[PDB]
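Taking the form deposited in one PDB entry, here's one chain by itself in structure tokens.
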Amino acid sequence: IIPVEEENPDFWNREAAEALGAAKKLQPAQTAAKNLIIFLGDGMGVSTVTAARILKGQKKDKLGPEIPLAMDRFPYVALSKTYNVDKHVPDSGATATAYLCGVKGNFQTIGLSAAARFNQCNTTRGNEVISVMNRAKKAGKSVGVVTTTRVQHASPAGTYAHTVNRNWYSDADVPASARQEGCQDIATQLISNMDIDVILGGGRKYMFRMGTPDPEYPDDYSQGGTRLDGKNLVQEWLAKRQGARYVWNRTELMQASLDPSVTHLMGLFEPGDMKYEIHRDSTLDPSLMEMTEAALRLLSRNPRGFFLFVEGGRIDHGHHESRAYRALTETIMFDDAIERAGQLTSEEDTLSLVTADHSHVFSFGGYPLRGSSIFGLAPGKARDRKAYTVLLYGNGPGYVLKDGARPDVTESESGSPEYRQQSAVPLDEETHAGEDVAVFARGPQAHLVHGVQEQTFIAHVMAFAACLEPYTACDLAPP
């Protein structure tokens, strides 16, 4: 459809004039950041951002591409180079070391320099690198970790953990020789390495000993406790703190967040990762936006400010399944959380960065008309005389042959939440992609995020802006 307002040049000339005046109005900060927030859309490359913008605009009553996402209103943008030291297409662990610790690492390791080697416990010590969240804590700030995946998953773990193997969620995953050598599982590192004021997401099962029934799924033994050492890490965390609370459902999270006297909050909403937003039980589980508001209610009480990590973690999972509906709906909730955090914090004293750890081999093609659904068929038939979708993958589990040929697809099929877009190469899981991802910034020192930069820049500008990490001697005025 062609909207009549856009047929007149003046529509476009007035828009661009407004754009110019807005651009001329921005000026850089001479002041420090009191608060730091990093919003991490896992797997949210440029193709993800544009497809999610279109979907979100159509959910409003619009055509799509013209309606800005919340992240699109951030004034400063840069491109970020993701390669890990050893591999050109990276994983979450080693990217986490770059954007949270400011050092690049080897694929599937977390919080370690590239002198460490994957799955080699004896190459850990002497290679630990410290996150900017650890440093904000050393400076007296309150610190929070919010995600839709397990809180021991790779991205959140980069804020507090140091490990040669991202798969060591609990001690049951760690080989006996590594346990003997002292390589602690990630759930142990979550309660032990540093003090974290707010911990919210999935991963209840790695905190309790084998045999402990899950509170939400007591009739499903596979959702129970995994530990081999008999420990209850939630209770050990709770015991070192006055005013600490543990929550496992939405109603207790929200009540706890309204209670001064709480001060420390661990909220573990599912045994493993949280449900995709389209499968969320809204009586039992908090959305990503609700977790981020809950975390901000607590974190904002500290007069010295806070550090907050907020992850749209299952964007990535949707792409691995080659189910763009799942990846795009998770991206819209992630943008909704960014908007919410923006309403609860001031850009005068809060540096907010939105980025992705890496991308996916996800593409938006064909030549669909303005206003058409993003999960639709491309206009016209392919060379094998069958329909094809505007959304596709390079590789992944949507590759299918039926009697030696590519299957035809209907519009009713292609718009289903379980639909897997086709790919050129069959893989159990679609792969990450190595192209640069965007960085969106606002707040004190956000104008330093510019151009084309290594992914370690994200960590370094946050520390500089709050005058942490190796940057006290920042030349900044108070927030």
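In case it trips you up, residue 1 is the first one in the sequence shown, and so on.
Note that the form solved in complex with a small molecule isn't included here; everything after this is about it.
- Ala294 is the sole member of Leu353, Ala294, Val164, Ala178 with a non-hydrogen atom lying within 4.5 angstroms of the small molecule in the entry with it bound.
- Think of it this way: in the entry with it bound, the small molecule has a heavy atom of just one of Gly380, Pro407, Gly230, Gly211 within 4.5 Å, and the residue is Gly211.
- The closest heavy atom approach of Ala244 to the small molecule in the entry with it bound falls outside 4.5 Å.
- Interface residue remark: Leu253 is counted as part of the site for the small molecule in the entry with it bound, having a heavy atom within 4.5 Å.
- Taking the partner from the other structure, the small molecule in the entry with it bound has a heavy atom within 4.5 Å of a heavy atom of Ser257.
- In the entry with it bound, the small molecule lies within 4.5 Å of some heavy atom of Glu290.
- The stretch that touches the small molecule in the entry with it bound, counting heavy atoms within 4.5 Å, is 217-225, out of 217-225, 72-80, 330-338, 132-140.
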